[PDB]
Amino acid sequence: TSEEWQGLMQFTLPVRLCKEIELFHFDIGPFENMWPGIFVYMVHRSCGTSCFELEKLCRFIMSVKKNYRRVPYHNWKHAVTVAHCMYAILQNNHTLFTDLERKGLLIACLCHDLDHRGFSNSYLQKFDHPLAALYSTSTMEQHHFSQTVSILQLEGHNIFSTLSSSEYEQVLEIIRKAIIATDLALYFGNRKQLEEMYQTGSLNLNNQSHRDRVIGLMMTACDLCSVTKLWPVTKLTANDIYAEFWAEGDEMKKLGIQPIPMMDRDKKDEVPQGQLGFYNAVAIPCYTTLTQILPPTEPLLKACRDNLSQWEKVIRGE
Amino acid sequence: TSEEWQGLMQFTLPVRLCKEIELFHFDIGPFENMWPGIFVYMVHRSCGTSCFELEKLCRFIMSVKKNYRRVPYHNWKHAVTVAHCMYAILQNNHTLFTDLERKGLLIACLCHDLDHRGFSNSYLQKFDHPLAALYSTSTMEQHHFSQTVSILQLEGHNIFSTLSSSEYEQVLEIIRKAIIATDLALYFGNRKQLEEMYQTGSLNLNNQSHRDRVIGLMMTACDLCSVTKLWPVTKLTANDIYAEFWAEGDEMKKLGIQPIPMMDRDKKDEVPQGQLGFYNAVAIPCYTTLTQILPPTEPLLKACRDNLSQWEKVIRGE
Amino acid sequence: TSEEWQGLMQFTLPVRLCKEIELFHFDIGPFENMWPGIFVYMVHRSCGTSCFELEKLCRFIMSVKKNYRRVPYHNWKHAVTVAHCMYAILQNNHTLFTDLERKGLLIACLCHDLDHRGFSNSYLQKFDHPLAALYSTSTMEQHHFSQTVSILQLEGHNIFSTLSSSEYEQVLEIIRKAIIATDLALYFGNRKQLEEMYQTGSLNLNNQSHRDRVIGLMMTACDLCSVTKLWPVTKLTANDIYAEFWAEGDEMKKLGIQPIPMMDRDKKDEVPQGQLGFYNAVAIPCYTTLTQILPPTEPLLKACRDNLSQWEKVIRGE
Ligand SMILES: COc1nc2cccnc2n1-c1ccc(Nc2ccc(C)cn2)cc1
Ligand SMILES: COc1nc2cccnc2n1-c1ccc(Nc2ccc(C)cn2)cc1
Ligand SMILES: COc1nc2cccnc2n1-c1ccc(Nc2ccc(C)cn2)cc1
Ligand SMILES: [Zn+2]
Ligand SMILES: [Zn+2]
Ligand SMILES: [Zn+2]
Ligand SMILES: [Zn+2]
Ligand SMILES: [Zn+2]
Ligand SMILES: [Zn+2]
């Protein structure tokens, strides 16, 4: 049968990629057309070669790709990159997660920024964009999940068609919560709750609501994994992020609103200090808490620390 | 019937946009896919919800969009922007214009730069482009009108199919004259004639040839409305204009011809003085004469004056 | 018949282009949609109006165009530019080449960089790209020829369908050798052999292997013809080349490899000296040897010399 032929199959990347894709700080490279295969490979090692029907999976992937836009940062490359970080987390904590969670989170990551225009929730609200009237909170993130559901509903795109209805609902819910958790405004409270549950020892992965929070922190960690690459990758990626933000700052000014320094290209010279603030207030606490909860994710924190040092070095003029 | 269903319909933008689209200095925003709806809205308020069949109008709009190119300034966004300025002029002088003129000028504005390559008539002539052999004067502008007619002639694209033949010819002529008037080389003589007719009192909107001239000056004013936005929008848009011109300067140099300072990127430092020259010699006289003729268009002149002050401030180093 | 109608036909460019396209330093201009006609014109003057069936030729051209990518330098414009330099070489040495060679080399030039991603053979090897496993030497160049063959094999795309099988094989071999010769790593040995054969007088165009070498040097000369344009064109084109190389340098750094100064954007200030090195070590010897062998190609060498002077002038700060 078809599932039988698919069971005999092997999927394989070039040698260097098979070796280094297991590393947390792996970079997926500049060859766009290699990215779908990289993702299929990760799905097959982490989930199994029979979790998805291959023809369907590829059809789904190319449609997701088609629904990312050509913006400097929140693009198709970002999606696959975030998916890779989740792959590495899953592979290094491989006894903790169910099959549904594995399938779900990899898919959630690939879809997490679908149809991103390169603008924040804040700008949409101030512009008075139609999405802001429809989604009062987590505006873009609820749109990404809506986009995800639209793609699944396309003919020949339901990659979960083999699941029972009960499992289907579960996986879609895993996906929904995970995408919503990528709204950074929700991170601060989430990490705060996790830290306190961790310290007192109430934190228990057998409790669904705790488990949801931990997955949420995982999504933040993957979403921000730019700060966990080696310095040359981290510093170049920063160019892409500010290209987007500065464009939003321009648009704020066009609405007659002074944008914050983060989004203001007139404040370029103060980027290094702005990054330092970001690492101190957001990234280091993020990966510190995640390392506490999932000790094998420690390389993310180490790498984050190294980049913090590099930015300090920039500030000094060193 | 269909026209009856269309008569019950309402079209509406978000709240902020409904309010501020009436302002002369409105910016249509960075969300491209909102622009067609903005244009339909303007057509419905200024012309009426029964002037066009909606399905046809949208088909026409998307084809026009498809025939603008991806250049930094003379693009789809410019077209809708010029259309908005005409909307605001029409709404604030609402007793003067016929239905045909209203329909026509909004359509003319949307189509005024169709298939623009980002090069002036001058460069085409020097390059010896095939369009220059076909159109000895107003080369690009006669091409834009030809493009307009080709799109109308497409199946299901004749948005004026409900007009009588006599009215159809009239509207196409209104459109033709209006697009040709956007050739800035023709502006100088036109404004000169209008000024003198205005001063002596011979100017009379009941005279078709005077009326054509006034519409022509209206088209110039809309075409240049960049200089009538608030400073943050005006100054950022200037980036886009020079990106185009400097590219043309590069191409002049490749033909072995020294380009004028306007088109020469080696003269960046002298942009502020170049703008000052432009406002003094072209923009201020343009909106001054237009305000004389159509007093409600005065906010364009005020805004132009404010930007003139801003450029003086740049020159001073202030 | 159809070939008879095609025989009555004339193809013609605007006046300026008919005159200046015969010049070695001709620039094909910024109007993309003029480029196919320019190429057809060159084929018709150099080969004859009956060498190709026009409908087929155009179909082929647009498919080739479709298979070039949107990179800063190794793009569709580069392909037509390299084809033009071969045109000028062929027209000024018009008694030396067969019909097959003329057809072949113009086609080879148009296809020489098909599907170029903007990365060197070196980077592919270090990235461990699948093409590097398939093609151990001249990696990109064997890919360009493979792409060429795929396009020919498309229905209605075999522009050589009128040739006998024997002639078809010959032309494809001419094309294959010519594209492989564009691998610059092979140039150094090739020019070295040609120089020595030239000096001793063993060089003989009636010897197929010598003839192949001379064609190979011709391909290098066309491939590098950027350095043979007038200074304004040469200096602007240099921008495009470094945009590509610096991007590759970035990607080297992401692999953890320090790129050479040629590919490193941190070494911008040293570009003028880097060009000087390039002209001394590669370009001047290239066109010097070619001028020895084919004296009518002397204007390429003159122009190269003038650009060498310009770069020296840049270095001096003059
Ligand atoms: C969500 O915001 C961010 N995501 C990032 C991923 C990688 C690197 N940076 C990221 N940022 C980001 C966070 C904070 C800032 N802050 C500032 C503040 C002032 C100035 C002048 C610059 N940056 C910027 C980016
Ligand atoms: C039609 O030309 C222009 N349209 C504009 C719209 C907005 C802003 N500027 C516009 N320009 C324009 C007009 C004149 C100049 N002149 C110069 C001259 C010298 C230099 C160094 C720079 N600009 C430029 C743009
Ligand atoms: C194949 O390499 C090149 N092709 C060119 C075509 C036109 C102009 N330049 C070309 N180059 C090229 C050759 C050598 C260099 N070398 C360096 C070395 C150091 C530095 C700092 C800059 N350039 C660059 C381009
Ligand atoms: Zn997001
Ligand atoms: Zn994201
Ligand atoms: Zn125009
Ligand atoms: Zn215009
Ligand atoms: Zn090549
Ligand atoms: Zn090449």
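Lettering follows sequence order; numbering is per chain, from 1. In what follows, every heavy atom counts, from backbone to side chain, and hydrogens, waters and symmetry copies are set aside.
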Requested in this report: Search all heavy atoms of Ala83(C) against all heavy atoms of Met42(C) and return the closest pair with its distance.
Outcome: C-CE, 4.3 Å
**Report entry** CG (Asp269(B)) with more than 12 external heavy atoms under 6.0 Å
**Finding:** no
Query - Test item: side-chain donor near acceptor, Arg305(C) and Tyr287(C), under 3.5 Å - result: no
Report task. Drop me the distance from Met140(C)'s CE to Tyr135(C)'s OH, to the nearest 0.5 angstrom. Result -> 10.5 Å
**Report entry** Residues, nucleotides or ligands: over 12 heavy atoms within 6.0 Å of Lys19(C) NZ
**Finding:** no
**Report entry** Distance, nearest 0.5 Å, that separates CD of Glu141(C) from CG of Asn121(C)
**Finding:** 4.5 Å
**Report entry** NZ/NE/NH1/NH2 to OD/OE distance under 4.0 Å, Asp306(C) and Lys302(C)
**Finding:** yes
Query raised in the report: How about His116(B) and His143(B): are their ring centres within less than 6.0 Å of each other?
Result: no
Query raised in the report: Should we count CZ of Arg70(B) as having more than 12 external heavy atoms under 6.0 Å?
Result: no
**Report entry** Test log, rule salt bridge (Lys or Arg N to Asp or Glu O under 4.0 Å), inputs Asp250(B) and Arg265(B)
**Finding:** CA-CA 8 Å; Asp250(B) 293 346; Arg265(B) 73 176 71 253; 2.7 Å; yes
Query - Verdict with supporting geometry, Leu290(C) and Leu301(C), side-chain contact (heavy atoms from CB on, under 4.5 Å) - result: CA-CA 9 Å; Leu290(C) 182 65; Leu301(C) 173 60; over 6 Å; no
**Report entry** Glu248(B) side chain to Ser120(B) side chain, donor-acceptor N/O pair below 3.5 angstrom
**Finding:** yes
Report task. Would you please indicate yes or no on a ring centroid separation below 6.0 angstrom for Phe245(C) and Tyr73(C)? Result -> no
Report task. Taking the side chain as every heavy atom from C-beta outward, state whether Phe52(C) and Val40(C) have any pair of such atoms under 4.5 Å apart. Result -> no
Requested in this report: Quick one: do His74(C) and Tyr68(C) satisfy side-chain contact (heavy atoms from CB on, under 4.5 Å)? Show the steps, please.
Outcome: CA-CA 8 Å; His74(C) 289 99; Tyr68(C) 275 85; over 6 Å; no
Report summary line: Rounded to the nearest 0.5 Å, the OG1 atom of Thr148(C) sits from the CG atom of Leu114(C) at a distance of 4.5 Å
Requested in this report: Decide if atom NZ of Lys267(C) counts as having more than 12 heavy atoms of other residues, nucleotides or ligands within a radius under 6.0 Å.
Outcome: no
Query raised in the report: Is a donor on one side and an acceptor on the other found under 3.5 Å between the side chain of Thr234(C) and the backbone of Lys229(C)?
Result: yes
Report task. Take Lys253(B) and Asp266(B) through the salt bridge (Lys or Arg N to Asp or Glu O under 4.0 Å) test and state the conclusion after the steps. Result -> CA-CA 12 Å; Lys253(B) 294 174 184 174; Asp266(B) 291 345; 3.4 Å; yes
Report task. Test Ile107(C) against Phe39(C) for side-chain contact (heavy atoms from CB on, under 4.5 Å), laying out the working first. Result -> CA-CA 10 Å; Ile107(C) 295 300; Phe39(C) 179 79; 4.0 Å; yes
Requested in this report: Assess whether atom NZ of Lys268(A) is packed by more than 12 heavy atoms of other residues, nucleotides or ligands within 6.0 Å.
Outcome: yes
Report task. Quick one: do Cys109(C) and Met219(C) satisfy side-chain contact (heavy atoms from CB on, under 4.5 Å)? Show the steps, please. Result -> CA-CA 8 Å; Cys109(C) 285; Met219(C) 292 298 293; 3.7 Å; yes
Report task. I would like to know whether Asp240(C) and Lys77(C) meet salt bridge (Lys or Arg N to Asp or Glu O under 4.0 Å); could you show each step before the answer? Result -> CA-CA 11 Å; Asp240(C) 293 341; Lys77(C) 189 174 190 169; over 6 Å; no
Query raised in the report: Quick one: do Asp115(B) and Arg117(B) make a salt bridge, cutoff under 4.0 Å?
Result: yes
Query raised in the report: Looking at the rings of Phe31(C) and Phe119(B), which for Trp means the six-membered one, are their centres under 6.0 Å apart?
Result: yes
Requested in this report: Report the C-alpha distance between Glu195(C) and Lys192(C) in whole Å, list the side-chain angles of each, state the deciding distance to 0.1 Å, and finish with yes or no for salt bridge (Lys or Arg N to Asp or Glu O under 4.0 Å).
Outcome: CA-CA 5 Å; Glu195(C) 181 70 19; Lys192(C) 188 167 178 287; over 6 Å; no
